[PDB]
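Just below is one structure, and these are the notes that go with it.
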Amino acid sequence: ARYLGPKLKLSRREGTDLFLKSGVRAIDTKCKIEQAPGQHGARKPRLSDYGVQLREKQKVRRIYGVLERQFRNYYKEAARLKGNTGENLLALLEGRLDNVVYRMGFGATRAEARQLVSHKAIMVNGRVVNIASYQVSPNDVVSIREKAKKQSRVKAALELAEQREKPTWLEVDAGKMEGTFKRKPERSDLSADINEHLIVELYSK
Amino acid sequence: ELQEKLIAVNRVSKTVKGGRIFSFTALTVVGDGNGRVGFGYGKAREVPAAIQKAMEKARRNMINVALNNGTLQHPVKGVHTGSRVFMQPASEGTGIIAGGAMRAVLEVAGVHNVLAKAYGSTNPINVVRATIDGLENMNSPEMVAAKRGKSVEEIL
Amino acid sequence: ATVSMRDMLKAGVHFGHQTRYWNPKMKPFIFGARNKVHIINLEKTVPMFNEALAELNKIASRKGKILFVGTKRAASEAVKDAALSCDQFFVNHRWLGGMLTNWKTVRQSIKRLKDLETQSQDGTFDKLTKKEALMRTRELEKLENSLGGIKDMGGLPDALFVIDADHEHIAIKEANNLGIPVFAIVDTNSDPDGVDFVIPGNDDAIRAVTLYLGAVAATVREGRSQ
RNA sequence: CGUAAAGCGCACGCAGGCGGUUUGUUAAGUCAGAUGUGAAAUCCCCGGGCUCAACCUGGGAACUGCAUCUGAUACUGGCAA
RNA sequence: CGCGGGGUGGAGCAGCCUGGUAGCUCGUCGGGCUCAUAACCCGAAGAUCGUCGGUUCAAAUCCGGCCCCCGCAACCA
Ligand SMILES: [Mg+2]
Ligand SMILES: [Mg+2]
Ligand SMILES: [Mg+2]
Ligand SMILES: [Mg+2]
Ligand SMILES: [Mg+2]
Ligand SMILES: [Mg+2]
Ligand SMILES: [Mg+2]
Ligand SMILES: [Mg+2]
Ligand SMILES: [Mg+2]
Ligand SMILES: [Mg+2]
Ligand SMILES: [Mg+2]
Ligand SMILES: [Mg+2]
């Protein structure tokens with residue numbers, strides 16, 4: 001129920017850094033990011049309208065590590081909610097526990113963050129939570145349990161988080177290894193290379 | 001700053017005495033994403049020449065649409081030959097839910113939210129004409145009030 | 001400058017075509033019918049003519065180029081004299097379809113005429129054979145009749161003054177296409193839809209066309225004096 | 001619904017459908033309010049409980065309906081001139 | 001050489017991002033304008049987008065090479 005194949009392959013098909021590697025090195029030093037995977041990779045794929053919508057949807061899914069059935073449920077929930085459907089969908093994806101623990105920095109990648117959550121290293125509000133998709137609420141506190149507070153992977157992940165734009169909507173402390181989810185992020189705080197209208201249009205066909 | 005889009009390229013034939021003369025037609029739409037949109041139809045013996053003629057023709061003969069915050073003013077109906085085209089203002093976030101040709105023209109004219117539905121022949125040439133005619137026959141509260149001799153608040 | 005009902009009526013501006021040829025759109029400006037001929041209501045002509053004169057004056061003051069278009073046998077020489085004497089441009093032979101909308105191609109012909117004309121002054125048509133001195137001379141004659149009034153215009157004009165809206169429908173339509181206002185003397189059998197400044201009145205009498213042209217030429221002259 | 005499928009060959013005419021203008025009246029249609037009812041579950045909204053979700057659950061909304069009572073009288077109907 | 005930036009009519013600048021349009025200012029030629037010059041106006045001429053290549057219906061634009069320019073770059077007794 002999880003993609004286990006090569007990671008940089010997806011980044012090359014999207015033609016964009018999907019943050020599937022930690023960031024110790026450059027993606028251009030780790031792969032040929034400019035070339036699509038496979039035998040016919042150098043060719044320039046002329047993409048139709050359905051193609052551009054599909055590629056946008058696949059980019060978001062591969063960033064967050066969400067398969068299609070669960071992602072479709074997210075769209076249904078986002079459409080049901082009040083406001084804007086695309087911004088609501090991005091809000092749900094950002095509220096996933098894997099994304100939150102990654103954003104505060106207890107994980108090099110979202111795969112590393114997901115393994116920590118799965119292996120019961122994380123506590124929200126004082127309770128061990130094993131479920132990756134768990135939707136964290138505003139004012140919640142996410143912590144690394146004492147048993148796992150020794151892991152060198154956590155330490156090095158915190159260092160790498162210091163080298164990225166620090167999210168404005170969460171409050172982290174690397175001494176106690178506890179973060180606070182203050183509010184739900186807005187479209188101003190998320191990367192604007194996403195094009196949510198394509199996803200909304202795709203699911204409205 | 002004018003976004004351009006080629007909607008359809010189509011090969012036609014003339015059947016001269018010696019045989020068939022194949023030529024190409026290109027349908028394109030240009031717009032400034034802020035209420036101005038035009039369409040151009042160009043023919044030539046090669047695809048690049050055809051699209052070029054169409055783009056130039058489309059940059060000229062553009063018109064102005066009274067857009068309301070990326071949406072329509074009110075539900076409009078457009079009709080050209082055998083193509084009918086219904087369009088409706090929608091709420092922010094819906095996207096542009098329109099058909100095949102209507103998608104290109106609305107995107108380039110700056111409409112970000114609309115509910116559209118084509119009734120009748122979906123020939124791209126006639127569809128583009130009908131949707132542009134509908135967008136052109138759409139009035140805003142300011143001009144409606146000026147026409148009726150009232151204030152906008154009087155018309156609400 | 002200023003005209004009045006008596007002057008218009010002496011020149012025969014009130015006369016129109018016969019009833020069976022009229023334009024229903026032209027009904028408002030029709031006074032009555034006398035002996036199966038329409039009569040044009042000068043009470044509409046005078047204020048419209050004065051209003052057209054005011055707009056023409058304003059364009060002339062802003063250094064706008066005025067294209068005098070009239071090609072009937074009754075107004076060819078009249079329009080040539082008025083445009084020469086008002087320092088503006090004219091067409092008084094068959095209007096070339098696309099003079100305005102196809103200005104790029106028409107401009108290449110203008111350049112050809114200028115080169116041919118200078119060559120004639122220089123003497124180029126001496127080295128070539130006698131036939132090549134008559135062919136080129138014949139080419140210059142034709143190019144003068146057609147584009148001899150707009151060889152110095154150098155661009156699209158800012159107004160057209162068309163004598164006959166009926167006869168010169170092509171010129172009016174090209175003007176409407178480009179964006180150029182039209183001031184047109186419009187008879188009873190003509191369509192005033194494409195005209196921006198309609199001036200009802202007879203357009204076939206030499207006396208009437210001379211009346212309109214003298215007034216228009218004086219207004220443009222005074223507006224350029226400024 | 002001229003030519004793509006589609007105006008009965010034409011007319012008269014019963015039932016039926018529709019009805020110029022004015023006043024008065026009635027209150028049938030119509031509209032407004034109120035009351036009773038429209039089982040619970042299900043769908044929808046705001047919450048709560050299962051580590052999350054599915055699932056379960058509290059309250060609300062809704063159930064576009066019907067019936068009765070009290071009003072309005074523009075329009076349609078009835079009656080009268 | 002290292003890293004970064006730049007090259008578009010004679011000059012100075014947009015256009016590049018989103019692939020389809022050579023624009024803006026000065027200058028040059030001719031005319032009007034001026035007695036003439038100046039000022040002003042109108043035209044006309046002037047770039048193949050450093051070059052070599054690839055991408056692709058289509059390249060100033062996307063990619064690479066070479067050419068140069070500029071900033072940074074650790075070295076002078
Ligand atoms: Mg499953
Ligand atoms: Mg059909
Ligand atoms: Mg038949
Ligand atoms: Mg038939
Ligand atoms: Mg019959
Ligand atoms: Mg009958
Ligand atoms: Mg009645
Ligand atoms: Mg009742
Ligand atoms: Mg119930
Ligand atoms: Mg819960
Ligand atoms: Mg419940
Ligand atoms: Mg009654």
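Simple scheme: letters A, B, ... for chains in structure tokens order, numbers from 1 for residues in each chain, numbers from 1 for ligands in the order shown.
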(request) Show me which bits of chain D are within 10 Å of chain A, counting only C-alpha atoms (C1' of nucleotides), as a list in words. (result)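 Interface list for chain D against chain A: residues 51, 52 and 53 of chain D.
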Mind checking DSSP for range 67-136 of chain C and telling me the alpha helix (DSSP H) residues as a short mmCIF file (atom, residue, chain, number, x, y, z; two decimals) with N, CA, C and O atoms, in the first residue's frame?
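What landed in out.cif:
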data_model
loop_
_atom_site.label_atom_id
_atom_site.label_comp_id
_atom_site.auth_asym_id
_atom_site.auth_seq_id
_atom_site.Cartn_x
_atom_site.Cartn_y
_atom_site.Cartn_z
N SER C 76 -15.08 65.00 -59.28
CA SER C 76 -13.67 64.62 -59.32
C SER C 76 -12.76 65.83 -59.23
O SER C 76 -11.90 65.91 -58.34
N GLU C 77 -12.92 66.79 -60.14
CA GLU C 77 -12.09 67.98 -60.13
C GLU C 77 -12.38 68.87 -58.94
O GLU C 77 -11.48 69.53 -58.41
N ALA C 78 -13.64 68.91 -58.50
CA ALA C 78 -13.99 69.66 -57.30
C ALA C 78 -13.22 69.17 -56.09
O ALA C 78 -12.68 69.97 -55.32
N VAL C 79 -13.15 67.85 -55.89
CA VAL C 79 -12.45 67.32 -54.73
C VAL C 79 -10.95 67.53 -54.85
O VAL C 79 -10.26 67.72 -53.85
N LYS C 80 -10.40 67.48 -56.07
CA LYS C 80 -8.98 67.73 -56.25
C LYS C 80 -8.60 69.16 -55.88
O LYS C 80 -7.60 69.39 -55.19
N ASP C 81 -9.39 70.14 -56.33
CA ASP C 81 -9.11 71.53 -55.99
C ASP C 81 -9.22 71.78 -54.49
O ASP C 81 -8.38 72.47 -53.91
N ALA C 82 -10.26 71.24 -53.86
CA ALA C 82 -10.44 71.46 -52.43
C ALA C 82 -9.31 70.88 -51.60
O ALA C 82 -8.87 71.49 -50.62
N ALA C 83 -8.81 69.70 -51.97
CA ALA C 83 -7.75 69.09 -51.17
C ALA C 83 -6.39 69.72 -51.41
O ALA C 83 -5.59 69.82 -50.48
N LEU C 84 -6.12 70.16 -52.64
CA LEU C 84 -4.91 70.92 -52.90
C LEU C 84 -4.93 72.24 -52.15
O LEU C 84 -3.93 72.64 -51.54
N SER C 85 -6.06 72.93 -52.19
CA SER C 85 -6.17 74.24 -51.57
C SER C 85 -6.37 74.19 -50.07
O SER C 85 -6.37 75.24 -49.43
N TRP C 103 -2.96 48.69 -46.60
CA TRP C 103 -2.04 49.81 -46.80
C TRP C 103 -0.62 49.35 -47.10
O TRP C 103 0.10 50.03 -47.83
N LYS C 104 -0.22 48.20 -46.58
CA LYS C 104 1.14 47.71 -46.83
C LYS C 104 1.38 47.48 -48.32
O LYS C 104 2.40 47.90 -48.86
N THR C 105 0.47 46.77 -48.99
CA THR C 105 0.65 46.54 -50.42
C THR C 105 0.49 47.82 -51.22
O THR C 105 1.24 48.07 -52.16
N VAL C 106 -0.51 48.64 -50.88
CA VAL C 106 -0.73 49.92 -51.54
C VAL C 106 0.47 50.85 -51.37
O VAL C 106 0.77 51.65 -52.26
N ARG C 107 1.17 50.74 -50.25
CA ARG C 107 2.35 51.56 -50.01
C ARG C 107 3.51 51.18 -50.91
O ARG C 107 4.25 52.06 -51.37
N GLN C 108 3.70 49.89 -51.17
CA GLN C 108 4.71 49.47 -52.15
C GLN C 108 4.46 50.09 -53.51
O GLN C 108 5.41 50.45 -54.22
N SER C 109 3.20 50.19 -53.92
CA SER C 109 2.90 50.85 -55.18
C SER C 109 3.24 52.34 -55.12
O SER C 109 3.68 52.92 -56.12
N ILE C 110 3.01 52.97 -53.97
CA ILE C 110 3.39 54.37 -53.79
C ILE C 110 4.89 54.55 -54.01
O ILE C 110 5.32 55.48 -54.70
N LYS C 111 5.70 53.66 -53.44
CA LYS C 111 7.14 53.76 -53.60
C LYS C 111 7.55 53.59 -55.06
O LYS C 111 8.44 54.29 -55.55
N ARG C 112 6.91 52.66 -55.76
CA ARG C 112 7.16 52.48 -57.18
C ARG C 112 6.87 53.75 -57.97
O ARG C 112 7.62 54.11 -58.87
N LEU C 113 5.76 54.43 -57.65
CA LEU C 113 5.42 55.66 -58.35
C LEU C 113 6.46 56.75 -58.12
O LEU C 113 6.83 57.47 -59.05
N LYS C 114 6.93 56.89 -56.88
CA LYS C 114 7.93 57.91 -56.59
C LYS C 114 9.23 57.65 -57.34
O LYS C 114 9.83 58.58 -57.90
N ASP C 115 9.69 56.40 -57.36
CA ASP C 115 10.91 56.09 -58.09
C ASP C 115 10.74 56.33 -59.58
O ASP C 115 11.63 56.91 -60.23
N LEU C 116 9.62 55.90 -60.14
CA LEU C 116 9.35 56.14 -61.55
C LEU C 116 9.31 57.63 -61.86
O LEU C 116 9.80 58.06 -62.91
N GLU C 117 8.71 58.42 -60.97
CA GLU C 117 8.59 59.85 -61.22
C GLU C 117 9.95 60.54 -61.20
O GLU C 117 10.23 61.39 -62.05
N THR C 118 10.80 60.20 -60.23
CA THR C 118 12.14 60.77 -60.17
C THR C 118 12.97 60.36 -61.38
O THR C 118 13.70 61.18 -61.95
N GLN C 119 12.88 59.10 -61.78
CA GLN C 119 13.56 58.64 -62.99
C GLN C 119 13.14 59.45 -64.21
O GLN C 119 13.98 59.78 -65.05
N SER C 120 11.85 59.78 -64.33
CA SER C 120 11.41 60.60 -65.44
C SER C 120 12.10 61.96 -65.44
O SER C 120 12.55 62.44 -66.48
N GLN C 121 12.18 62.60 -64.27
CA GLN C 121 12.88 63.88 -64.18
C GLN C 121 14.35 63.74 -64.52
O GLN C 121 14.92 64.59 -65.22
N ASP C 122 14.99 62.67 -64.04
CA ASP C 122 16.42 62.49 -64.27
C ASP C 122 16.72 62.30 -65.76
O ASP C 122 17.72 62.81 -66.27
N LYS C 130 12.62 52.99 -77.26
CA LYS C 130 11.43 53.83 -77.34
C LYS C 130 10.22 53.15 -76.70
O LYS C 130 9.42 53.80 -76.02
N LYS C 131 10.07 51.85 -76.92
CA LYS C 131 8.96 51.12 -76.32
C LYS C 131 9.04 51.16 -74.80
O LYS C 131 8.02 51.35 -74.13
N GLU C 132 10.24 51.00 -74.25
CA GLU C 132 10.41 51.08 -72.80
C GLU C 132 10.26 52.50 -72.28
O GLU C 132 10.12 52.68 -71.06
N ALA C 133 10.27 53.50 -73.15
CA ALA C 133 10.00 54.86 -72.72
C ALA C 133 8.53 55.21 -72.82
O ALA C 133 8.09 56.19 -72.20
N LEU C 134 7.76 54.45 -73.60
CA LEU C 134 6.31 54.61 -73.61
C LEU C 134 5.63 53.73 -72.58
O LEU C 134 4.67 54.15 -71.94
N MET C 135 6.13 52.50 -72.40
CA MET C 135 5.57 51.61 -71.38
C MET C 135 5.69 52.23 -70.00
O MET C 135 4.72 52.28 -69.24
N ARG C 136 6.89 52.70 -69.64
CA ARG C 136 7.09 53.29 -68.33
C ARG C 136 6.29 54.58 -68.20
O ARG C 136 5.71 54.85 -67.14
#
(message) ligand 4: which residues are within 9 Å, counting only C-alpha atoms (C1' of nucleotides) and all ligand atoms? Reply as a ChimeraX atom specification.
(response) /D:1,3-6
(request) Please identify every polymer residue within 10 Å of ligand 11, using only C-alpha atoms (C1' of nucleotides) and all ligand atoms, and present the set as number ranges by chain. (result) D: 41, 47-48, 56-59
(message) Residues within 8 Å of residue 36 in chain A, please, as a ChimeraX atom specification. Count only C-alpha atoms (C1' of nucleotides); anything in the same chain fewer than 6 positions from it doesn't count.
(response) /A:9,12-15,42
What are the residues of chain C lining chain B at 12 Å or less? Count only C-alpha atoms, and put the answer as a PDB file with N, CA and C atoms, in the first residue's frame.
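Below you can see selection.pdb, which holds the result:
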ATOM      1  N   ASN C 177     -13.890  49.648 -40.707  1.00  0.00           N
ATOM      2  CA  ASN C 177     -13.039  48.547 -40.278  1.00  0.00           C
ATOM      3  C   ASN C 177     -11.846  49.056 -39.482  1.00  0.00           C
ATOM      4  N   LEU C 178     -11.161  50.072 -40.003  1.00  0.00           N
ATOM      5  CA  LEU C 178      -9.927  50.532 -39.380  1.00  0.00           C
ATOM      6  C   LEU C 178     -10.185  51.335 -38.109  1.00  0.00           C
ATOM      7  N   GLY C 179     -11.161  52.239 -38.133  1.00  0.00           N
ATOM      8  CA  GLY C 179     -11.449  53.042 -36.960  1.00  0.00           C
ATOM      9  C   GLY C 179     -11.537  54.521 -37.279  1.00  0.00           C
TER      10      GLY C 179
END
